[PDB]
Every structure is written in C-alpha cells, then in structure tokens.
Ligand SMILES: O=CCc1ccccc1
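What follows is one chain in structure tokens, specifically the form deposited without phenylacetaldehyde (HY1).
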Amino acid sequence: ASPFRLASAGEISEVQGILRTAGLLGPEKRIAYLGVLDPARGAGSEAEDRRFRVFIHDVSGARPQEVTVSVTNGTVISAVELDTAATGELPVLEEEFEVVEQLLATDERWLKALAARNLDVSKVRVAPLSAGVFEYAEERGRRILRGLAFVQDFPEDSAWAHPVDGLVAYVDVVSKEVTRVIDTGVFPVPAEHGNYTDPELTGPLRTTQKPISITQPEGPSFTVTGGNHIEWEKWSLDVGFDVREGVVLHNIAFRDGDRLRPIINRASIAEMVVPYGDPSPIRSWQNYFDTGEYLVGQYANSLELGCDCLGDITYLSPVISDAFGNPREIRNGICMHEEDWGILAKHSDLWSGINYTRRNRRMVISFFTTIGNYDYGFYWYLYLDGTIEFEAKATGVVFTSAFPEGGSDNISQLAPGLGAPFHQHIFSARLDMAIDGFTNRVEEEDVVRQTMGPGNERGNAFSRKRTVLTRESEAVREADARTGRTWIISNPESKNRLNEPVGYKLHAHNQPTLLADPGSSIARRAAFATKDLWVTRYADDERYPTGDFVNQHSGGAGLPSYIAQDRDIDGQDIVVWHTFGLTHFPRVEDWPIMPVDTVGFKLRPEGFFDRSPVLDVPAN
C-alpha cells in the first residue's frame, strides 16, 4: 500500500528477472548496487509505479551499466553504459575483496616481501581497501584494490595487533593482476596480541555488575504499520533502508492539533569518509568512503536482543540484493524502541505553591555496520518536545601500523612497536527539508555582541542576527562556535500565531572538518567534508555529496558541482547537507578494542509551535 514501504524480497527477485529478460544480467554480470527509487515530486501517475535503480558490474571488463526498471510494469525504463574511467567505478563487490589475498599469495614479489620478514604467507591476512585516485597511470580504466598485511597467529587471533608495515600491494580485481608491490623497508611486526576475549588479557571478569531490568509491561508506545510506518507521541514517519545509505527516514512529521505537520521529507547519512593522516607511502592513500565505496547498509549487523538493543525492541529485517540479484534478508538489522530520557520540564513555584515535573522520552531507530576493523552505529532520535537528533557511534579495533623508533607526528603508540595512524571519521547528513511544506529557506544565525554606549549604557546588551541564504553560491557555510552560529530552516509562507515564520534550528557539534591540504586528492574527492553546511535546491539526481560513483573517482561530481548551478533557495524546495565528524588520535585506552566515541547533530523547533507542544504530557 504505502509508496514508502521497504523493498520486498519479491521486488528484488523481480528486478533480477526483468534484467535477465532484458539481456542485461547474464552470468558475467553482477549487481554492485540496487535500490528502490523514491517517488518524484508531485503526484504524477494516478498510482505509484515502483521503480528500482541498479548499477550492473561486468566481471569480464566490459562497461558497466546504470539501469532503472519498473517492477510494476516489468520494463527497463532506462539503461546507460557507464564510462568508469570518467564518471567513476562501481561500488566494491564483497567477492572482489577475497580476490586480493588470494592473488597476492601466488605473487613472487609478495612472497619475497614476506620471506624477508620471516612471515608465513598462510598466516598473513590482507585488508583489501579502496584505491582512490592518485598518480598511477596504469590504474586508468582499471578496477583496483590496495592490500595491507596483518599477521594472524591462529584462527581466533586479532590480526590487527600485528601489522606488517612498509608493505603494500595494488591489485586489478578484474584482470586478476598484481600491478604493484611496494616495499619501503622491513618493520618489526608488533608482537603483543590484542585478543580482548583472552582471559590472559581480560584478567578475571568483574562480578560486581548487578542486573538492570528495562521492560514495558503493556508494550511500546509506538505503532508500526505497513511494515515500516511509525507513529509515536505525535510523531509520524516511515523507516526506509538502502544498501548504500543504510537507514533512511522519510516523511518526518509531527501531529499538531488536527493536522500532521511535515518537518523533514528525507533524512539520511548520504556519505561518510575516513581519511588517514599518516604521510607514509604505505597508507597516505588510505581513505574509506564507507557509504559511497563500500555501501554501509550491505554490512549491517544482525542485532542481538539484550546485547545490542536492550528493552522492548521492535525489529525490521530489510532485504538487499546479493551480487547475483537474489534477495538477502538482514535479520534484525534495524532496532526500534523508545527509552526514558530524564526530566523534560520541571518547576517548583513559590508563589503558586505548585510543583511540576514531567519526564522526557525519545524514539530510537538504529542499525550497526561493520567495515573491516571498525564498527559504526547510526542512531536517529525523536524527542517529545519536537527535537530530532542523529548520533553516530564509532567503535571496533583501530587501524594499526608499526610505531617508528624516532617517534611520529602522525601516529600514536598503543603498545610496544604498535602504532595507530591519526585519522578522521566524517559524516554527511542529507536533510531534504519540508518545514510545514516544501517552501523553505535557510538563515544563518549568529550571536551578536554589542558595544557599551548610547542605548546600551551598562554594556550588558547582546543580540543576534539572521542571514537568509538566497542562492546556492552563498550557501556553503562554516561553523563558528565562538559566535554560537546555528542554521534555521523556516517556511516564509507558514507563520505561527505570533505572525513569525515557523522553523527548526540545526545545532552542530562544531568539530573540526576535513584536515587534509586543500590540494590533496582527498580534499577534492571529499570536498563536502571541507565545509560544515551546504544548501542546495532539490533535484532528483542529486543524492550524494560525492556523486553516484565514488570508487576510484576524481573530483567533479557531488556538492561542488551542484552548488555551481547557483539556484534560488529562498522559499523553495531545498536540501541541507551537514558535515560533522570525529578527529582521532588513538590513546592506549583505545587498545585492544576502543570504547564508543560519538558525534552528531540535532534540530529543535524554533517558533514552529504556538507554545510548548508537551503540555499534554501526563504525570503518571
């Protein structure tokens, strides 16, 4: 029924059948990406035509294709051949990762490098990483992966504790060729193990932690209909899932009186990049575009009740396509639950003698993914007062290297001889705004200090100013914590009872953005990460801040090219792109496994309501 329902296993099988029937999915073809297309703006067709977009890879080297099909009509709507050397390679296939270690195991240069280090090839694991775009001419038109070595002493050993520095290989996963084997010198392989489940390292386990029971006798306060339509404490929304972006929220609206008021049409993390700041040739090319190159949704974990999600949990099990077009279910990949959130409002009034206390609550929608050594949790929160918040949780095992004798300015020491290259975790939240409708605008709000003098004799006055961003060219903004800078998305045509445009204020954490030199390959490929906020005019084909094909793709697509159109964004259908991230210098406390570190943002109502919208919350 709902045109925002999750993709079904049947729809995926249908896409596969349509492509096979069209002669677009023979045995040499692979599905590198498959996702349902969101409905276009304005009710076009009488009914909703379900469409899917697919990126088809060819394991023989032939040009890949981008195809859109209608599962309803069983037809190919469009099919275009992709010139990858220009517009970018398709996302890495899970099956291509295993090609690397296999190939390298039979390469003489690789074997000689390991022998020189007295390492048994059978114990050397290879982390196959995205290649990016650098100065290797031969890589032009080649689907490459770069492998870094780690030693695994036994089946359950954490190889991350044993990096093999000074060695890196480049592999053509299609032609099955080892293009280069670079050895800059033999580094001792860190000896200490990092097995956090080994009693030897954990010591006796604590027995002091008493149980905390969290339960809901009458069940959760939220309802799920149509498979993914949520309704909770005045909130309404649809929980979507995409193999690339992961959890995506649609039609976020709030019930205000006899009307459902829209706030955000679509919210997602459109991209996330993890750049490493170690100038060593062995890793200076290392940049993970987890969303764009790897597809975070593809690796979403199956969440365990009691371990990952505690309390009364409602799960969603999204389906994605495998490399052959077969539907694959990610069992319990999405957790949904509400949780108490302390005090909401409170006041003990002397004059009236009335004491008032109300508790807060938040709806939680999340999933967790694993990208090699790291694991990322994506959490969206909805609060009773109308606030919307996102939080990324980074944990797992830090990427390691050897720690050089003379010390390092770009690597920290975790254990004897064990290093941890400095890096960042930067996300891009794409917020297709719809504050009381699509006619929106963004204002940059800065606190304003005033000089002591006439009209401000005591020098206590301070104000604020709001600057409307009217054109895309003026909509690339930077954070300014010192002036309490925030951004307000309002609707100039919808006013509250005080005759003021209704709006929502975006509060950023104001963390450092991309640190790389502006001329670096990464600064260009991850241009979005160089600025805190971008505002574009909505367009069907502007989905990711890095464009559709990130893998081995130069700059040229994404936000910078969108912005150039310099479209009108003052009272129009707009999209806010917020960059936020973590800057890491790994501590010894982060080894052998790092505790969760968080970063995010939130939007709170700003004159959206006519008064507090939580006066109807009971005392219970």
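Heads up: residue numbers just count along the shown sequence, starting at 1. C-alpha atoms forming the largest set that superposes within 1.5 Å between two forms make up the rigid core.
What follows is about the form deposited with phenylacetaldehyde (HY1) bound, which we do not show.
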Within a 4.5 Å heavy atom cut-off, is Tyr381 in contact with phenylacetaldehyde (HY1) in the deposited complex?
no
4.5 angstroms heavy atom contact with phenylacetaldehyde (HY1) in the deposited complex for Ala161
no
Hey, in the deposited complex, is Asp290 touching phenylacetaldehyde (HY1), heavy atoms inside 4.5 Å?
yes
Though only this chain appears here, would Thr314 touch phenylacetaldehyde (HY1) in the deposited complex if you measure heavy atom gaps against 4.5 Å?
no
From the candidate stretches 165-173, 125-133, 247-255, 544-552, select the single one in contact with phenylacetaldehyde (HY1) in the deposited complex, where contact means a heavy atom within 4.5 Å.
125-133
Let me know the one among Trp341, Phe222, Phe438, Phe97 whose heavy atoms come within 4.5 Å of phenylacetaldehyde (HY1) in the deposited complex, would you?
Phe97
Which residue among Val181, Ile77, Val186, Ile371 has a heavy atom within 4.5 angstroms of phenylacetaldehyde (HY1) in the deposited complex?
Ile371
Please find the residue from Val588, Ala62, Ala564, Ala43 showing a Cα shift of 2 angstroms or more between this form and the one not shown, rigid core superposed.
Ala43
CA-CA separation of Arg261 and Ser45, closer or farther in the deposited complex than in the form shown [shift of 3 angstroms or more]:
closer
